[PDB]
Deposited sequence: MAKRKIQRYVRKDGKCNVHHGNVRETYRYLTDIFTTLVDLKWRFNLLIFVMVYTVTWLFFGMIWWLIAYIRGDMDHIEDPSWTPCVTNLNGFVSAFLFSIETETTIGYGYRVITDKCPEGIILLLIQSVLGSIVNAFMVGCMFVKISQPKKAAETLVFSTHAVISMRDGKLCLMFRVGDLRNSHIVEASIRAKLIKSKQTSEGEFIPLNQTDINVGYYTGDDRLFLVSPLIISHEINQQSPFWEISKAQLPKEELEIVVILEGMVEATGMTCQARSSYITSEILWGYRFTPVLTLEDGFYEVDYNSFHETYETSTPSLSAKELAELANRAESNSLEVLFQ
């Protein structure tokens, strides 16, 4: 069975009713459509209001249908060339112009506010956030760890960030209840506050595999047989702009390399630090026990001399 979360963050699960937030529907559109909406939205008002001037036919230099348009438009954009102006003969025309120019300001506001979000939406910001292409399991100061690399491709922004991971795996309860996509938080710094990143250079996020880890009894041999997927979420804030952004990826069982290690990316240069973003996804192997974490602990606690 395929994956739940793609490496680019999108899910693989499918769900009229969403008309509750049409605005949200409007921002997620590609520009081509978005403009086309606004093209239409303006015409339909200019059609409607023009057809009320012709119902009112106060008028200067107006003939067939086409003539009322160039006015209704020039009135609403507030152009008013002066070839088509207003008289005071009728009560009706003089008040339409007010409702029109009030309402013309509404449509503009729906548009400006509409545009702001569209340009300001930070999905674009978080596009420079990056997760290592694989995860690794290997030893680190005696303890076996699951590790992935995190980083932002721009220097200038989002240095504050925070990381979290969920393990998605099927489960059957003792009572035989089946949970297809049961999920459990994977400890990556929460209790100590080490999940609050400071993205100077790309970081290796580590999860120490201990008695509480879902990974406690997985050995090297078991891993390939396990059907599990780690979703990895990063939420940070753009320095230049208050707003916050999410970025996610996934690691499926076969993208977890046992007994590897991440290539360093940071190196010294003419008395400076340069991040070699080419070694970003790069790993390498090292002698690493084949045993589960649980069995390592046991072996270790029985060696006390």
Unmodelled spans of the deposited chain sequence come out as 1 to 5, 21 to 26, 69 to 84, 333 to 340
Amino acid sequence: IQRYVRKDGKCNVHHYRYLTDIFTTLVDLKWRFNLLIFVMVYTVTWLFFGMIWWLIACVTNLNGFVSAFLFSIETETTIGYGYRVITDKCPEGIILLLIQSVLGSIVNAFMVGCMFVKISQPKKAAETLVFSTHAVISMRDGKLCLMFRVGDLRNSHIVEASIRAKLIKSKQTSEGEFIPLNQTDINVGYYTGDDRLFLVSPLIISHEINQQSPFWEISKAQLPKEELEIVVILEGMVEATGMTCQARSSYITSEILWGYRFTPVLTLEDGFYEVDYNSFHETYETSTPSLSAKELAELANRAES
From here on, numbers count along this sequence of modelled residues.
In the PDB record, does 17 to 25 or 292 to 300 carry the higher mean Cα temperature factor? 17 to 25
Which wins on mean Cα temperature factor, 65 to 73 or 239 to 247? 65 to 73
Of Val275, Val59, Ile252, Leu257, which one's C-alpha B factor is largest in the deposited record? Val59
Per the deposited B-factor column, the C-alpha that peaks among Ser201, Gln222, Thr87, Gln211 belongs to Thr87
Ranked C-alpha temperature factor of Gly104 among modelled chain residues, by third: highest
Assert third(CA B-factor, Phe110) within chain per record equals highest
If you rank every modelled residue in this chain by C-alpha B factor, which third holds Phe178: lowest, middle or highest? middle
Going by the recorded CA B-factors, say which third of the chain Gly82 sits in, lowest, middle or highest. highest
By its CA B factor, does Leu167 count among the lowest, middle or highest third of the modelled residues in the chain? lowest
